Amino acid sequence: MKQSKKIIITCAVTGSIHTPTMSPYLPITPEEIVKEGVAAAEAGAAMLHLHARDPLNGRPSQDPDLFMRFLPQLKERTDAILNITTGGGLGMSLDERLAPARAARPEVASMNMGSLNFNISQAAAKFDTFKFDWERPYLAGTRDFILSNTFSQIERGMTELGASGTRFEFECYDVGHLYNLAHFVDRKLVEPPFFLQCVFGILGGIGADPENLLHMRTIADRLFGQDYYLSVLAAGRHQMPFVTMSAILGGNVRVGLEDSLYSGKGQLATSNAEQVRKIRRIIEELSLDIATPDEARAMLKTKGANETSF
């Protein structure tokens, strides 16, 4: 693992797992996404991980037109690296999923490193009523859902998006995902540095037990040595302890309303900025420091803000 002299704080603004019923502070409209992205960047986020939602009901959408209603606006108001999801909403085809990144030609895109069960159905039991008709069926339908990323699908994404100079945020939900990445690294379909994002607490993925983070770092060191950066995200209540653990291990951090709707125990976060501010305070207490957007670009070896199609 390459030691992160300056820590990259990534903010995942809204995602596609949480639904409108779950929090009145979930960013939905393009205008809310811009406002939240800017606030997160101003709090210290060097990178913004972005999904789009239907502006009226919050349903996940990979419509590039919705992305074009916030990407240019974010670019004009902040210098944060704009990271586009290729995961999108649960149930979308690969064509739908790659559309935004293909249209935008971003500096960074997420790249899910394996197929797994992705079960968020238990969340539905916490709510007796739902604001929109799509929410309960969406959550319930995940009991029989696989977030698909076959070796052929990964290779296609790497080839098509790699061609425009995109660098990837490799999302690794389990130990096997590290080995899946090693397969591609050995075939030279991606070049170092590898930005490895370990994901904890999803039902279908690796659990949010600390031993799992240290284990994944040990395996990543064995497979990739000094050619990778560690980043960490964890679901809900696990977010702060896991990203603090990452900082301590010489890694990078991902926070945001996509991953947890809470600022702290029993308290809904009113903004992405609250979580960015919190992890930054923790980092500072540990005598560590954060990366600026341009320091992050140099770490990830991105193509530059001026080379995108927005």
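For every residue, the number given is its place in the sequence shown, counted from 1.
- Here the stretch with the larger average CA B-factor, out of 88-96 and 108-116, is 88-96.
- In the PDB entry, a CA B factor belonging to the highest third of its chain's modelled residues is recorded for residue 62.
- Compared with the other modelled residues of the chain, the Cα B-factor recorded for residue 285 ranks in the lowest third.
- Among all modelled residues in this chain, the alpha-carbon of residue 72 has a temperature factor (C-alpha) in the highest third.
- In the deposited entry, the Cα temperature factor of residue 258 sits in the bottom third of values across the chain's modelled residues.
- The entry lists a Cα temperature factor for residue 192 that places it in the highest third of the chain's modelled residues.
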